[PDB]
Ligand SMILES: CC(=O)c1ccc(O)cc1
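Heads up, the chain below is alone and in the form solved without the named molecule; it's given as structure tokens.
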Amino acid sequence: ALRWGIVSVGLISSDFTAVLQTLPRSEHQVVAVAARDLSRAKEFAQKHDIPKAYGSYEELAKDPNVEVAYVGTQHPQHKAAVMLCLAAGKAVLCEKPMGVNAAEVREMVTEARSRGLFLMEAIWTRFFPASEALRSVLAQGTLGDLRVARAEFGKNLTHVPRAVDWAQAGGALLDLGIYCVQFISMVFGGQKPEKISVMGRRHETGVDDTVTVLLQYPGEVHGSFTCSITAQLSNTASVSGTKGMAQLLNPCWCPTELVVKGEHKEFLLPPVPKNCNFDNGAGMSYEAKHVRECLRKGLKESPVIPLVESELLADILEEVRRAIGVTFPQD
């Protein structure tokens, strides 16, 4: 079985652990958990039935029984935890955005490559059957010659402290725009944009509030997205060509409905777990199964979210964020 170590005991780690514990026991095992103190770790390990608990991340990195570490820390804490795990010889699945700026992502990627270890950014959206079906639609040329892509993800998150916290690298772009950027990149084959134009405004807590981006892609096609931590948006994503449009319906970031040229297709989520911290949290199963498949095949990265693309997505996000003057100490 693939032996998982869980880094941090917050909401996303709870969901991911719950998901892993629904999977075939011959395929996945959760063998260890770490928190920044023993008490928090022991409690999580008891609730989620994990045989080993640690009071530091370094201890989990050094556990010989752990094959892959899931890094579920807050945004600014990803890099050091990933670097620890890789230095200790673990494969790593790191929560999104992998780092808070392009330099952090380059550092993690360089480390994984130099050590010959698997690293993947947990962009779970890409593994949903609805997103895979969209990629097939594109490969088959069903929409004709492409023209434009569009994505939006906006919700009022002002009462989610983490989401609007400058110190935790929150804001529209790093919480929500990451899903828009990955979608547009996916539809246009992970290609580097030729030009980016940005408009947006800041929030009173120091983060970005609402941001729209226009991206020129090669071959005379372009994409745009809007993200917001104050304003509710349609939360759909679409791509259109000379023969028609395909859309991923709300919630686009964990989609179960694809519409192609007016035809609706539904892709049910796994039945468990129910009541996750996050919308459609059961859908994390898809990326967990993908990580196992990659490692079984001896891969050091995913062909679905390659490390060069994670670097490009971070380049884009940073460029956007700087275009409207939002800086982090890490920059």
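Numbering starts at 1 and follows the sequence shown.
For the pair 29-37 and 300-308, the mean Cα B-factor is higher in 29-37. The PDB entry records a higher mean C-alpha B factor for 268-276 than for its counterpart among 268-276 and 281-289.
As recorded in the entry, 115 carries the highest CA temperature factor of 202, 78, 147, 115. The PDB entry assigns the greatest CA B-factor among 256, 216, 210, 140 to 140. Residue 313: CA B factor in the lowest third of modelled residues in this chain (values from the PDB entry). Ranked by Cα temperature factor within the chain, residue 158 sits in the highest third according to the deposited record. The deposited CA B-factor of residue 89 belongs to the highest third of values across its chain.
Residue-level temperature factors show residue 250 in the middle third of its chain, judged at the C-alpha atom. In this PDB entry, the Cα temperature factor of residue 110 sits in the middle third of its chain's modelled residues.
Same protein, other form: the form solved in complex with the named molecule, not shown, and the subject of what follows.
Site accessibility, open: after C-alpha superposition of the site, the named molecule as positioned in the deposited bound form shows no atom within 2.4 Å of the backbone or C-beta atoms of the displayed chain. Contact check for residue 79: no non-hydrogen atom falls within 4.5 Å of the named molecule in the deposited bound form. Proximity of residue 221 to the named molecule in the deposited bound form: non-hydrogen atoms within 4.5 Å are absent; the residue sits far from the partner. In the deposited bound form, none of the heavy atoms of residue 183 sits within 4.5 Å of a heavy atom of the named molecule. Using a 4.5 Å cutoff between non-hydrogen atoms, residue 188 does not count as a contact of the named molecule in the deposited bound form. Among 75, 150, 203, 155, the residue placing a heavy atom within 4.5 Å of the named molecule in the deposited bound form is 155. Exactly one listed residue, out of 293, 263, 27, 279, brings a non-hydrogen atom to within 4.5 Å of the named molecule in the deposited bound form: 279.
Of the candidate stretches 155-163, 131-139, 236-244, 100-108, only 155-163 has residues whose heavy atoms lie within 4.5 Å of the named molecule in the deposited bound form. Residues from 234-267 that approach the named molecule in the deposited bound form with a non-hydrogen atom within 4.5 Å are limited to 253.
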